[PDB]
Structure formats: structure tokens, C-alpha cells
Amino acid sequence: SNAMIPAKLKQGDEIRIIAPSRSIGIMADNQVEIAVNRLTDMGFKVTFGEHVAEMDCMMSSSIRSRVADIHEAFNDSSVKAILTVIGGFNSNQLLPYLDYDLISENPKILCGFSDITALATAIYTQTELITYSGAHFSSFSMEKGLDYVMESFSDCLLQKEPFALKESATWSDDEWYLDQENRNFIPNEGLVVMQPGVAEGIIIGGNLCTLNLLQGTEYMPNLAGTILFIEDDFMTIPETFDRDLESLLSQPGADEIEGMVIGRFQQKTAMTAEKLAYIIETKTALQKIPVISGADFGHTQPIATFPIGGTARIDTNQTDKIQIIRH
């Protein structure tokens, strides 16, 4: 294919941490050490961008500063992977100011989720570098239930073979950054098949309302021949999820969408099967394509890691319904 797969991570590889959305100032100091020790135990050298600790009234840093840390990360040949500190709202500010030629010449892993969707997508569409929706640096500071996250991080970035995106045994919706000890783990009922079928396609997705931010710009990926992986957080309610989806499915290529896989909603959103069904059902672009929900990604725990611009196959009759092929 055309899409560049960056080199996979190996022991002794340097990993650079950058804060393209919210400053690492948001994290407690000791949570940082938890993440550092996990990534180091996994075989990696952790290093931090010059400006990560800088923080402004939006709890972020300046544009000038974020771009510089990004450019340094891509430019430094010892850096085999870039992880973002944590999500936020503002990574889209950076899109015009990036040197895509630089990036396109220095392909390497870039990984994070939610707001990072904007950044990882723009990079994909401008350079054709396959990027990743998956753990942040802070994701590794979560004390309990981290197994799935690491396994999946590894499936995706430590080895080449295709892999099933497998249901976790238990999931939670917790603010675990405030309270690590009192977790509420819920037996996982599994993927729900909303509409049956078999399809394969380019993976596009991450955070729904973040991906909408790319609309009308040169960074918006075409939607034809894609499996959409979509997700959204507690701020969403079913009716806003629906407008955002409707709007997304009005973008170029929307008529050739191959399938859809939806991340578990946070409990606050109160998304019943009935409403989800009604939302899917009234979308023209989703007619007679496979649609699955309840997947492990989005804003609940745990989260898988999947490529943006890699490929997937959906099959609703199989035991493992989601297969990551090119990653």
C-alpha cells in the first residue's frame, strides 16, 4: 500500500513524551513517575519535550511551543516513538503550523487519543504516515486494570502480525486519576451487533466531536472505504452524539463507508440501546453496513490501541468480530 507503517518498538528504544493538548502540569508528580516506571519496565527509555511542563490559563501551552516539541521529536532520529501526555481540547490549533515535509521524512510511531484525534489524523492525511489512537503517556499511570491496555499497546506497536481487537473481561467507567483504590469493575457483556455484515476498510476514527473539527479543512480524511471507529465522552448526550454523527456522515465519501465500530459510552451519557438503534437507523450512510457497539476504546477503561490509516475487517458472525490487519 501507500500508507507508511512506522517501525515497530523494540527494547532500548527511546520514547518521547510531548504535551500537544494539556500541559503535564495537570498530572500529579507521582502519577508521572508511575507512567515512567511502567514504560521503562516495558523496555523503553522515556524522555520529555522541552515545553511539556509549561502551563497557561487554559491549562495548555502556546502554539509556538507545542509545534517546537513536535518538530524536535520527529527530527531526533533516536526517538522511535512519540506519546502524548494527555488529551485536552486544543491540539487542532497546531494543524496549520506543522512541517509535514519534516514529518513525512521521519516516519515514527505517534500515539494518543481523544483530542489527539485531530493531530494524528491531520498527520495521516497530510503525510500518509499511519498514526495511532491508543494510550497516552498518562494512560500508563492508572494503577488497576492496566493489563488490557498494555497487551493491546503491544499487539499494535511491538509486533507486526494482524491481531484481534478482543473484548475485555471487565470494564469500568471511573475517574481513576482522582481515586485509584476504589474502582468499579463491571463484567463485560460484549460487542453488540447493531447491524450484521462483513466488511473491510481503512480505519478512521477516535473522538467523534474532535474529528468533526477537521471538517471543511485540508486535514479531513475522505470517508469512502473506511471502517469508522468512533467514540465520545461524558460531555456528549445522545442527541449531540446524533448531530455530530449526522454531520460526520455528510462529509465527502460518507456514502461509501464500509462499516462502523463504536466505543462504549461513559455512563453519564445514558445511551440506551433503543436510542443508539434509532440514531443508527435514521442515518442514510449506515444502511446495510455492519455496525458494532460496546468496543473497548473511548473514554471508559480499558482502551485498545488501533492504527489511523491501518486496516480492519469486521465480521459479525465470527467470535472475534474485529480484526486489525495493517497496523
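The first residue of the sequence shown is number 1, and the count goes up from there.
For the segment pair 106-114 and 177-185, the entry gives 177-185 the higher mean B-factor, averaged over Cα atoms. A summary of the deposited B-factors shows that, of 195-203 and 68-76, the stretch with the larger mean C-alpha value is 68-76.
For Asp99, the recorded CA temperature factor ranks within the highest third of the chain's modelled residues.
Looking at the C-alpha B-factors along this chain, the one for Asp242 belongs to the lowest third. Among the modelled residues of the chain, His299 sits in the middle third by CA temperature factor in this PDB entry. Remark: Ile227 belongs to the lowest third of its chain, ranked by C-alpha B-factor as recorded. For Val85, the recorded CA B-factor ranks within the lowest third of the chain. Only modelled residues enter the ranking.
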